[PDB]
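In case you want the letters, here they are:
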Amino acid sequence: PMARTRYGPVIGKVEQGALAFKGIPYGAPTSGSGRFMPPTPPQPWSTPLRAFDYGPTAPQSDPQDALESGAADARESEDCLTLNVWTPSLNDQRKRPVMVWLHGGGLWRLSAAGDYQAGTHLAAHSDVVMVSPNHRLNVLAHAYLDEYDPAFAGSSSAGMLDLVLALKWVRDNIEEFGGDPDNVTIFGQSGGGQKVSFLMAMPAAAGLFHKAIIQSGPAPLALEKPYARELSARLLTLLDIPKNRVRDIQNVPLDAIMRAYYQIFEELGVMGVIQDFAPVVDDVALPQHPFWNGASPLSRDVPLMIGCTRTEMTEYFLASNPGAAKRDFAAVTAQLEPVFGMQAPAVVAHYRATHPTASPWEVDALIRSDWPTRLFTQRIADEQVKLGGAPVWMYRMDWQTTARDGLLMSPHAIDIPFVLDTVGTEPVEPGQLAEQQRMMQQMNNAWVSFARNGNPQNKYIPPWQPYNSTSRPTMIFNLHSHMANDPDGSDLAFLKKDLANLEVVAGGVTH
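In this report, we go over the structure that sits alongside the text. (Residues numbered from 1 in each chain as written, not as in the entry; some residues may be left out. Heavy atoms only, no water. Residues with missing side-chain atoms left out of burial classes, pairs and counts.)

## Some thoughts on the overall build of the chain
Phase 1: If you tally the helices and strands in the chain, you get 14 helices and 14 strands.
Phase 2: Computed over the C-alpha atoms, the radius of gyration of the chain is 22 Å, within 12% of the 24 Å expected from 2.2 N^0.38 for a compact globule of 511 residues.
Phase 3: Taken along the three principal axes of its C-alpha coordinates, the chain extends 65 × 55 × 50 Å. (Helix = DSSP H or I, 4+ residues; strand = E, 2+ residues; numbered from the N terminus. Rg over C-alpha atoms; globule rule 2.2 N^0.38 Å.)

See the structure below:
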C-alpha cells in the first residue's frame with residue numbers, strides 16, 4: 001500500500017486486514033549539529049520509501065556491555081526520529097480517531113517495537129488509526145545545557161519536542177492514513193504516561209492533541225534547575241569539555257556520551273520519583289511542573305482518563321530482591337526506612353490495620369504501589385478537575401494473574417494487552433486465557449470509546465461517572481467491573497499527611 005507524506009511517498013504492508021507502515025521518518029538525524037537541539041523535519045525523498053521495518057532504537061545501552069559479549073547488536077542510532085502507523089484505510093476522509101501511543105521505559109529505555117504494542121488489532125478491529133513514534137531518550141533527550149550556551153535553551157526537553165514534531169506530523173499527514181487530525185488522543189503506559197504528563201503542560205504541544213490517557217505513569221513533577229545543573233556539570237566534566245566550549249559536546253563520539261551517562265547513572269531510586277536526566281522547569285519548553293503546583297490551563301479542555309494497577313511494583317521489587325516475599329513484618333518495615341524514614345513503622349501499621357488479613361508481602365505491595373504511583377495518580381486527577389473544564393475518568397486495575405504462586409497479583413504493564421487488544425503476546429497462566437480476553441473486552445472498549453466518542457462508557461462495563469476530589473468515584477476494573485467511591489482512600493490519606501517530608505523529585509520542588 002502506497003501513502004503520500006509531506007516528505008515523500010511510503011509503502012506499507014497489508015497485515016491482518018490493516019495497513020502497516022513502520023519506520024516512517026518524521027525528523028532529521030539528531031547527531032552533530034542536531035545533538036541536544038530541537039528536532040527538525042527530515043529531508044524529503046523522491047522515490048517511495050519501503051516502510052517495512054521498525055526504525056532504529058534510540059541510544060540507551062552501555063557501550064561496555066556490548067564489548068566481548070554475545071548479544072545481537074541493538075543497532076541504536078541518533079537517527080531515531082521515525083514512527084509507525086497502523087490504519088484500516090488511506091485517504092478516504094472518514095475521519096477515524098487517531099490514537100498516538102507513547103512507548104514505555106521511563107524517559108530512558110526501550111522503543112515502540114514489539115508485538116505486544118503493535119497497532120494491528122486496534123486498526124482492523126476498532127477502525128482506529130494508531131501511531132507510535134520513537135524519539136530521543138535519557139541524556140540525548142534531557143541534558144540541561146541552557147546556561148552554558150544560549151543556543152541550547154530548552155535542551156532538557158529535546159526528546160519531548162521530538163514528540164511534538166511527531167504530533168505535527170500527524171496534524172499534517174494523518175488524513176492520508178484515514179485519520180481525523182481533529183480527534184487525536186495521546187496515550188501511554190509507564191514512561192509513556194510520564195510523556196503524556198509532560199505534553200499536557202508544554203506550550204509547543206497545545207492544540208496538537210485533544211484527549212489524553214495516563215496508564216500507570218504519572219509525572220506531576222519535572223526537575224528543577226539546581227539538580228539538573230549538577231547532572232550536566234558531571235556530564236561535561238566526565239567528557240573533558242570545558243564550560244566555555246560546550247558546543248564541542250556535539251562532535252564527541254556517541255559511545256563517549258553513553259559511557260559518561262552510565263557513569264552518572266551508577267552514582268545515583270523508587271520508580272516514579274524522577275532522579276535521572278529529565279525535563280527541567282526552564283521557562284522555554286516547560287514553564288511549570290506538569291501538575292504539582294496546579295494543572296496547566298493549556299489542557300483545560302482535554303478530557304483525561306487516568307489510573308493504575310493495584311500492586312504496581314510486585315514484579316519489579318521481586319526482580320530486584322528475589323527473596324523479598326519471605327520477609328516478615330519487621331523486615332518489611334526496615335526495608336521501607338530509606339523511603340519513609342522515621343515514619344516507616346507508622347505506615348506499615350496503618351496498612352496492617354486497613355488490610356488485617358493481608359500477608360507481609362501483600363502489605364508491602366500495597367505500600368509500594370501507593371507510593372508514589374497511586375498517590376501521584378490521584379494528585380494529577382485532583383489538579384486537572386480543579387481546572388473546571390473537561391471531565392476526568394479515574395480507574396484502578398484490580399484483576400490478578402496467578403503467576404509466580406500468587407505473588408505478582410496486579411503488576412505494572414499487565415494491562416497493556418488488555419487496552420491494545422494484543423492478548424497472547426504476554427504470558428498467560430493456565431486457566432486465565434478467557435479471563436484476559438474478558439479484561440481486554442472491557443478495557444479495550446473503554447480506550448476505543450474514549451478515543452471515538454469522548455467518553456469511556458461501553459456495554460461491557462457499568463456506567464462510569466467522572467472523577468471529583470471529594471467522593472473520588474473510581475472505576476474498578478476486574479472480571480466484573482464496578483464503581484467505588486474513594487477505594488482504599490484512607491491509605492492515601494495517611495501518606496498525604498507525611499507528604500511535605502517525603503522525596504517527591506530529586507532536588508525537591510520549590511513552593
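## Digging into the side chain of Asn173
Phase 1: Its location among the elements puts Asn173 in helix α3 (residues 158-173).
Phase 2: Apart from residues lying up to four places away in sequence, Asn173 is in contact with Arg4, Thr5 and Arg6. (Contact = heavy atoms within 4.5 Å.)

## Some thoughts on the sheet that holds strand β2 (residues 10-11)
Phase 1: Reading across the sheet, the three strands line up as β1-β2-β5 and stay open at both edges, with mixed pairing between neighbours. Of all strands in the sheet, those bounded by a partner on one side alone are β1 (2-3) and β5 (49-50).
Phase 2: Here β1 pairs with β2 via two bridges, running antiparallel. Counterpart to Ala3 in the pairing with β2 is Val10. (Pairing = 2+ DSSP bridges.)

## Quick look at the side chain of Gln215
Phase 1: For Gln215, the position within the fold is in strand β10 (residues 211-215).
Phase 2: By relative accessible area, which is 0% here, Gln215 ends up buried.
Phase 3: Among the polar contacts made by the side chain of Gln215, one reaches the side chain of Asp415 at a distance of 3.1 Å.
Phase 4: With sequence-adjacent residues up to four places away left out, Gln215 is seen in contact with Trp101, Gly188, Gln189, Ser190, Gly307, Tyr395, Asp415, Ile416, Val419 and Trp447. (Buried < 20%, exposed > 50% of the residue type's maximum accessible area, 1.4 Å probe, protein only. Polar contact = N/O pair within 3.5 Å; in protein donor to acceptor, adjacent residues only side chain to side chain.)

## What about the packing of helix α10 (residues 344-354) against helix α11 (residues 360-385)?
Phase 1: Two elements in contact, α10 and α11, have axes separated by 10 Å at closest approach and are oriented at 115 degrees. The orientation of α10 relative to α11 falls into the category roughly perpendicular. In terms of crossing hand, the pair formed by α10 and α11 is right-handed. Residues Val347, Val348, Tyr351 and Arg352 of α10 lie in contact with α11, whose contacting residues are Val363, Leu366, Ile367 and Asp370. (Axes fitted to C-alpha atoms, helices over the stretch in contact; angles between N-to-C directions. Parallel < 35°, antiparallel > 145°, perpendicular 65-115°, else oblique. Left-handed = near helix turned anticlockwise from the far one by under 90°.)

Shape descriptors only; they carry no functional weight alone.
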